[PDB]
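Have a look at coords-v7.cif below; it lists mmCIF, C-alpha atoms.
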data_final
loop_
_atom_site.label_atom_id
_atom_site.label_comp_id
_atom_site.auth_asym_id
_atom_site.auth_seq_id
_atom_site.Cartn_x
_atom_site.Cartn_y
_atom_site.Cartn_z
CA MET A 1 102.02 104.02 84.52
CA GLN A 2 99.28 102.59 86.77
CA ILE A 3 100.01 100.69 90.01
CA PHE A 4 97.79 99.48 92.88
CA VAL A 5 98.13 99.47 96.67
CA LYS A 6 96.16 96.80 98.52
CA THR A 7 95.97 97.21 102.32
CA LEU A 8 95.12 94.67 104.99
CA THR A 9 91.74 96.16 105.93
CA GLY A 10 90.79 95.70 102.27
CA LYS A 11 90.96 99.12 100.62
CA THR A 12 92.58 98.71 97.19
CA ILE A 13 93.69 102.24 96.26
CA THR A 14 94.74 102.64 92.56
CA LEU A 15 97.64 105.02 91.63
CA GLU A 16 99.37 106.88 88.74
CA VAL A 17 103.20 106.90 88.86
CA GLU A 18 106.39 106.84 86.75
CA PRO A 19 108.42 103.61 86.64
CA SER A 20 111.32 105.61 88.12
CA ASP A 21 109.20 107.54 90.62
CA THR A 22 110.57 108.10 94.13
CA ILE A 23 108.84 106.44 97.09
CA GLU A 24 108.95 109.87 98.68
CA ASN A 25 106.29 111.11 96.28
CA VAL A 26 104.64 107.72 95.81
CA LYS A 27 103.68 108.03 99.46
CA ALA A 28 102.52 111.67 99.36
CA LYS A 29 100.69 110.54 96.22
CA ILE A 30 98.86 108.00 98.30
CA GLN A 31 98.60 110.72 100.90
CA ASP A 32 96.91 112.87 98.30
CA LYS A 33 94.27 110.20 97.80
CA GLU A 34 93.76 108.62 101.25
CA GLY A 35 95.21 111.51 103.31
CA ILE A 36 97.63 109.25 105.23
CA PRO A 37 100.81 111.06 106.31
CA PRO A 38 103.83 109.41 104.68
CA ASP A 39 105.63 109.29 108.03
CA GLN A 40 103.12 106.50 108.84
CA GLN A 41 103.08 104.39 105.67
CA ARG A 42 104.77 101.11 104.68
CA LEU A 43 105.00 99.70 101.14
CA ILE A 44 105.79 96.06 100.49
CA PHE A 45 106.60 94.61 97.08
CA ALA A 46 107.93 91.03 96.85
CA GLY A 47 108.27 90.44 100.61
CA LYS A 48 110.30 93.63 100.99
CA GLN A 49 109.86 97.15 102.29
CA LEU A 50 110.59 100.16 100.14
CA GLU A 51 112.90 102.81 101.65
CA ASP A 52 112.45 106.54 100.82
CA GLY A 53 115.71 107.54 99.10
CA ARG A 54 114.84 105.11 96.33
CA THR A 55 112.44 104.85 93.42
CA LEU A 56 110.44 102.09 91.75
CA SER A 57 112.97 101.17 89.10
CA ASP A 58 115.17 100.44 92.10
CA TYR A 59 112.69 97.79 93.26
CA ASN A 60 111.54 96.95 89.68
CA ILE A 61 107.79 97.63 89.54
CA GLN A 62 106.09 96.66 86.28
CA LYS A 63 103.00 98.47 85.01
CA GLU A 64 99.92 97.56 86.99
CA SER A 65 101.99 95.95 89.79
CA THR A 66 100.40 95.65 93.24
CA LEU A 67 101.91 97.04 96.44
CA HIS A 68 100.97 96.33 100.06
CA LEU A 69 100.24 99.24 102.35
CA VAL A 70 100.50 98.82 106.11
CA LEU A 71 100.27 101.52 108.77
CA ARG A 72 102.92 102.14 111.39
CA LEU A 73 100.90 103.12 114.45
CA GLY B 1 71.68 87.50 107.19
CA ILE B 2 71.94 90.50 104.89
CA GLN B 3 75.57 91.54 104.70
CA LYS B 4 76.64 89.50 107.71
CA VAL B 5 77.92 87.14 105.02
CA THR B 6 80.24 89.84 103.67
CA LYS B 7 81.23 91.22 107.05
CA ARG B 8 82.31 87.63 107.46
CA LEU B 9 84.21 87.11 104.25
CA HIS B 10 85.72 90.49 104.98
CA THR B 11 87.42 89.19 108.08
CA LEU B 12 88.62 86.13 106.15
CA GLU B 13 90.21 88.29 103.46
CA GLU B 14 92.09 90.09 106.14
CA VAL B 15 93.31 86.79 107.65
CA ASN B 16 94.54 85.24 104.41
CA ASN B 17 95.92 88.66 103.50
CA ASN B 18 98.46 88.78 106.30
CA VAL B 19 99.26 85.07 106.05
CA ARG B 20 100.16 86.14 102.49
CA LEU B 21 102.27 89.23 103.20
CA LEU B 22 104.15 87.59 106.07
CA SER B 23 105.31 84.46 104.26
CA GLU B 24 106.21 86.81 101.41
CA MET B 25 108.69 88.71 103.55
CA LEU B 26 109.99 85.45 105.01
CA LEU B 27 110.71 84.18 101.50
CA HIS B 28 112.87 87.20 100.73
CA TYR B 29 114.33 87.03 104.17
CA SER B 30 117.98 86.44 104.81
CA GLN B 31 120.22 87.01 107.81
CA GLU B 32 122.80 89.54 106.67
CA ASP B 33 120.61 90.24 103.65
CA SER B 34 117.77 92.39 105.02
CA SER B 35 117.14 95.75 106.70
CA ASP B 36 116.02 96.81 110.17
CA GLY B 37 112.59 98.06 109.12
CA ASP B 38 112.20 95.18 106.68
CA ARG B 39 112.28 92.39 109.24
CA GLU B 40 110.94 94.40 112.19
CA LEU B 41 107.81 95.00 110.09
CA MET B 42 107.50 91.23 109.72
CA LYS B 43 107.79 90.82 113.45
CA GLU B 44 105.03 93.41 113.65
CA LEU B 45 102.84 91.69 111.10
CA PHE B 46 103.66 88.72 113.27
CA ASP B 47 102.19 90.21 116.46
CA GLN B 48 98.92 91.17 114.68
CA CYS B 49 98.83 87.66 113.27
CA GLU B 50 98.65 85.94 116.65
CA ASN B 51 95.77 88.22 117.47
CA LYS B 52 93.53 87.58 114.51
CA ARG B 53 94.31 83.89 114.92
CA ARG B 54 92.92 84.53 118.44
CA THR B 55 89.85 86.34 117.08
CA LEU B 56 89.21 83.41 114.74
CA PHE B 57 89.02 81.40 117.97
CA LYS B 58 86.43 83.73 119.49
CA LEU B 59 84.19 83.53 116.43
CA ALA B 60 84.72 79.78 116.64
CA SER B 61 83.74 79.77 120.27
CA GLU B 62 80.45 81.35 119.17
CA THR B 63 79.27 78.73 116.67
CA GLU B 64 76.85 75.85 117.25
CA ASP B 65 77.02 72.78 114.93
CA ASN B 66 77.35 75.14 111.96
CA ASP B 67 78.68 73.97 108.59
CA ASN B 68 81.30 75.90 106.64
CA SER B 69 81.47 78.77 109.15
CA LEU B 70 83.58 76.68 111.50
CA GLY B 71 85.38 74.83 108.68
CA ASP B 72 86.23 78.18 107.14
CA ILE B 73 87.13 79.68 110.51
CA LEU B 74 89.37 76.83 111.57
CA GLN B 75 90.97 76.62 108.14
CA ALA B 76 92.21 80.20 108.14
CA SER B 77 93.31 79.89 111.76
CA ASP B 78 95.31 76.89 110.56
CA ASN B 79 97.35 78.92 108.07
CA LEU B 80 97.73 81.61 110.68
CA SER B 81 99.24 79.06 113.01
CA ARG B 82 101.36 77.46 110.27
CA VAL B 83 102.82 80.90 109.42
CA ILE B 84 103.27 81.76 113.11
CA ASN B 85 105.49 78.72 113.70
CA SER B 86 106.99 79.18 110.25
CA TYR B 87 108.05 82.67 111.28
CA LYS B 88 109.33 81.39 114.65
CA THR B 89 111.89 79.20 112.87
CA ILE B 90 112.92 81.34 109.91
CA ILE B 91 113.63 84.23 112.29
CA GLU B 92 115.55 82.01 114.74
CA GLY B 93 117.47 80.37 111.90
#

How does this structure look as C-alpha coordinates?
Amino acid sequence: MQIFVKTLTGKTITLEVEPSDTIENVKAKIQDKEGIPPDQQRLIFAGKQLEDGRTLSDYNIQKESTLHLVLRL
Amino acid sequence: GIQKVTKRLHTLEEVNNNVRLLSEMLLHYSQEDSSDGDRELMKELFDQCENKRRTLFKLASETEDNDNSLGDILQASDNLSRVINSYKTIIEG
(Lines of atoms letter the chains of each structure in order from A and count residues from 1; the text may use other names and numbers.)
(Lines give C-alpha, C1' and ligand atoms only; values in the text may rest on other atoms or scores of the structure.)
Protein backbone atom coordinates (compact mmCIF):
# COMPACT_ATOMS: atom_id res chain seq x y z
CA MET A 1 0.00 0.00 0.00
CA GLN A 2 1.01 3.61 -0.72
CA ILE A 3 0.51 6.46 1.78
CA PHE A 4 1.71 10.10 1.88
CA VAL A 5 3.11 12.35 4.60
CA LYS A 6 2.63 16.09 4.09
CA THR A 7 4.60 18.36 6.47
CA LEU A 8 4.05 22.00 7.35
CA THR A 9 7.13 23.33 5.54
CA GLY A 10 5.69 21.74 2.41
CA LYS A 11 7.66 18.54 1.75
CA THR A 12 5.20 15.83 0.70
CA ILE A 13 7.13 12.58 1.23
CA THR A 14 5.46 9.47 -0.36
CA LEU A 15 5.68 6.05 1.42
CA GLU A 16 5.19 2.25 1.00
CA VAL A 17 3.55 0.47 3.97
CA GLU A 18 1.22 -2.38 4.99
CA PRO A 19 -2.31 -1.49 6.17
CA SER A 20 -1.41 -3.15 9.49
CA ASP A 21 2.09 -1.69 9.69
CA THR A 22 3.37 -0.45 13.06
CA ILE A 23 4.04 3.26 13.55
CA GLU A 24 7.37 2.17 14.97
CA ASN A 25 8.56 1.18 11.50
CA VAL A 26 6.41 3.71 9.66
CA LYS A 27 8.58 6.31 11.34
CA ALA A 28 11.95 4.63 10.72
CA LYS A 29 10.58 4.18 7.19
CA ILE A 30 10.24 7.93 6.95
CA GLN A 31 13.58 8.07 8.69
CA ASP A 32 14.97 5.93 5.91
CA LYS A 33 13.83 8.49 3.36
CA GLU A 34 14.22 11.89 5.09
CA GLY A 35 16.71 10.77 7.78
CA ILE A 36 14.62 12.18 10.65
CA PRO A 37 15.09 10.24 13.91
CA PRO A 38 11.75 8.74 14.98
CA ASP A 39 12.23 10.08 18.51
CA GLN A 40 11.46 13.48 16.90
CA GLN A 41 8.50 12.75 14.63
CA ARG A 42 4.73 13.27 14.97
CA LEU A 43 2.06 11.76 12.71
CA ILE A 44 -1.46 13.14 12.57
CA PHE A 45 -4.37 11.45 10.83
CA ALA A 46 -7.90 12.80 11.37
CA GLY A 47 -6.98 15.39 14.02
CA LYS A 48 -5.20 12.73 16.08
CA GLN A 49 -1.67 11.67 16.90
CA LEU A 50 -0.48 8.14 16.31
CA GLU A 51 1.21 6.39 19.26
CA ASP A 52 4.03 3.84 18.71
CA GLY A 53 2.67 0.57 20.12
CA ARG A 54 -0.01 0.68 17.45
CA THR A 55 -0.34 0.14 13.72
CA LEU A 56 -2.32 1.70 10.89
CA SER A 57 -5.28 -0.65 10.99
CA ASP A 58 -5.61 0.63 14.54
CA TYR A 59 -6.13 4.15 13.20
CA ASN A 60 -7.75 2.94 9.92
CA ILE A 61 -5.59 4.25 7.07
CA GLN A 62 -6.94 3.58 3.58
CA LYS A 63 -4.64 3.17 0.58
CA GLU A 64 -3.17 6.47 -0.53
CA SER A 65 -4.23 8.22 2.71
CA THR A 66 -2.35 11.37 3.74
CA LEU A 67 -0.60 11.84 7.09
CA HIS A 68 0.74 15.03 8.68
CA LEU A 69 4.31 15.09 9.88
CA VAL A 70 5.41 17.61 12.49
CA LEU A 71 8.74 17.80 14.28
CA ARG A 72 9.14 17.82 18.04
CA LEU A 73 12.07 20.16 18.60
CA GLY B 1 9.73 39.03 -9.49
CA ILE B 2 11.05 35.64 -10.53
CA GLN B 3 10.18 33.14 -7.83
CA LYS B 4 9.32 35.76 -5.24
CA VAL B 5 5.77 34.84 -6.23
CA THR B 6 6.32 31.24 -5.14
CA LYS B 7 8.36 32.09 -2.07
CA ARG B 8 5.20 33.99 -1.30
CA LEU B 9 2.62 31.34 -2.01
CA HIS B 10 4.93 29.04 -0.10
CA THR B 11 4.40 30.97 3.09
CA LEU B 12 0.64 31.00 2.47
CA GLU B 13 0.55 27.22 2.10
CA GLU B 14 2.24 26.94 5.43
CA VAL B 15 -0.31 29.30 7.04
CA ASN B 16 -3.42 27.57 5.71
CA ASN B 17 -1.70 24.27 6.46
CA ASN B 18 -1.58 24.75 10.21
CA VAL B 19 -4.99 26.43 10.33
CA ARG B 20 -6.01 23.09 8.77
CA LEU B 21 -4.20 20.67 11.09
CA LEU B 22 -5.17 22.58 14.24
CA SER B 23 -8.92 22.74 13.66
CA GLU B 24 -8.62 19.08 12.68
CA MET B 25 -7.33 18.10 16.11
CA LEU B 26 -9.91 20.36 17.76
CA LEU B 27 -12.68 18.54 15.90
CA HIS B 28 -11.57 15.19 17.28
CA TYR B 29 -10.94 16.78 20.62
CA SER B 30 -12.78 15.78 23.73
CA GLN B 31 -12.09 16.27 27.42
CA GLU B 32 -11.70 12.77 28.84
CA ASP B 33 -11.41 11.48 25.28
CA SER B 34 -7.87 12.45 24.23
CA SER B 35 -4.23 11.80 25.14
CA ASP B 36 -1.46 13.92 26.65
CA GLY B 37 0.64 14.16 23.49
CA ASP B 38 -2.47 14.51 21.36
CA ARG B 39 -3.68 17.79 22.84
CA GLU B 40 -0.28 19.11 23.93
CA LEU B 41 0.74 18.91 20.26
CA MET B 42 -2.27 21.09 19.45
CA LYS B 43 -1.20 23.58 22.07
CA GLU B 44 2.17 23.49 20.35
CA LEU B 45 0.73 23.95 16.89
CA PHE B 46 -1.10 26.72 18.66
CA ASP B 47 2.06 28.56 19.76
CA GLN B 48 3.55 28.43 16.22
CA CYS B 49 0.22 29.69 14.93
CA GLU B 50 0.32 32.97 16.86
CA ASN B 51 3.76 33.51 15.42
CA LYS B 52 3.04 33.09 11.74
CA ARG B 53 -0.08 35.19 12.28
CA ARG B 54 2.49 37.72 13.59
CA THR B 55 4.75 37.25 10.55
CA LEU B 56 1.75 37.82 8.28
CA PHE B 57 1.55 41.19 10.07
CA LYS B 58 5.18 42.00 9.32
CA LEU B 59 4.78 41.26 5.62
CA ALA B 60 1.64 43.38 5.83
CA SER B 61 3.56 46.18 7.46
CA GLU B 62 5.84 46.12 4.40
CA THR B 63 3.25 46.67 1.65
CA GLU B 64 2.29 49.94 -0.04
CA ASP B 65 -1.18 50.21 -1.69
CA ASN B 66 -0.68 46.75 -3.18
CA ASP B 67 -3.58 44.66 -4.48
CA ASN B 68 -4.02 40.99 -3.61
CA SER B 69 -0.78 40.79 -1.59
CA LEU B 70 -2.43 42.52 1.34
CA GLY B 71 -5.86 40.97 0.70
CA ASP B 72 -4.20 37.56 0.63
CA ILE B 73 -2.03 38.38 3.64
CA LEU B 74 -4.86 39.68 5.76
CA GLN B 75 -7.15 36.84 4.72
CA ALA B 76 -4.85 34.10 5.96
CA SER B 77 -4.11 36.06 9.12
CA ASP B 78 -7.88 36.13 9.58
CA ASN B 79 -8.20 32.34 9.67
CA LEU B 80 -5.16 32.21 11.89
CA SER B 81 -6.91 34.50 14.33
CA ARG B 82 -10.25 32.68 14.00
CA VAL B 83 -8.52 29.37 14.84
CA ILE B 84 -6.52 30.99 17.66
CA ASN B 85 -9.68 32.11 19.46
CA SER B 86 -11.40 28.91 18.37
CA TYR B 87 -8.68 26.97 20.15
CA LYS B 88 -8.89 29.26 23.20
CA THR B 89 -12.50 28.21 23.78
CA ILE B 90 -12.48 24.53 22.81
CA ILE B 91 -9.52 23.98 25.15
CA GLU B 92 -11.14 25.95 27.99
CA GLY B 93 -14.46 24.19 27.44

Kindly resolve the PyMOL selection byres ((chain B) within 6 of (chain A)) on the present coordinates and return the residues as an NGL selection string. :B and (14 or 24-25 or 28 or 38)

Result set, the PyMOL selection byres ((chain A and resi 21) around 10) on current file, as a ChimeraX atom specification: /A:17-20,22-26,54-58

Dump C-alpha atoms for the selected residues as a short mmCIF file (atom, residue, chain, number, x, y, z; two decimals), in the coordinates of the input?
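Now in out35.cif:
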data_model
loop_
_atom_site.label_atom_id
_atom_site.label_comp_id
_atom_site.auth_asym_id
_atom_site.auth_seq_id
_atom_site.Cartn_x
_atom_site.Cartn_y
_atom_site.Cartn_z
CA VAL A 17 103.20 106.90 88.86
CA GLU A 18 106.39 106.84 86.75
CA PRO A 19 108.42 103.61 86.64
CA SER A 20 111.32 105.61 88.12
CA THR A 22 110.57 108.10 94.13
CA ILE A 23 108.84 106.44 97.09
CA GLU A 24 108.95 109.87 98.68
CA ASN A 25 106.29 111.11 96.28
CA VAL A 26 104.64 107.72 95.81
CA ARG A 54 114.84 105.11 96.33
CA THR A 55 112.44 104.85 93.42
CA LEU A 56 110.44 102.09 91.75
CA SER A 57 112.97 101.17 89.10
CA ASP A 58 115.17 100.44 92.10
#

Quick one: residues within 7 Å of (98.7, 103.2, 92.4) (file frame), counting only C-alpha atoms, please, as an MDAnalysis selection string. chainID A and resid 2:5 13:17

B:73, B:12, B:5, B:26 ranked by distance to residue 41 in chain B, top pick (using only C-alpha atoms):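 Checking each candidate against residue 41 in chain B, we get B:26 as the closest.
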
At what distance in Å, to one decimal, does CA of residue 18 in chain B lie from CA of residue 84 in chain B?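 Going from CA of residue 84 in chain B over to CA of residue 18 in chain B covers 10.9 Å.
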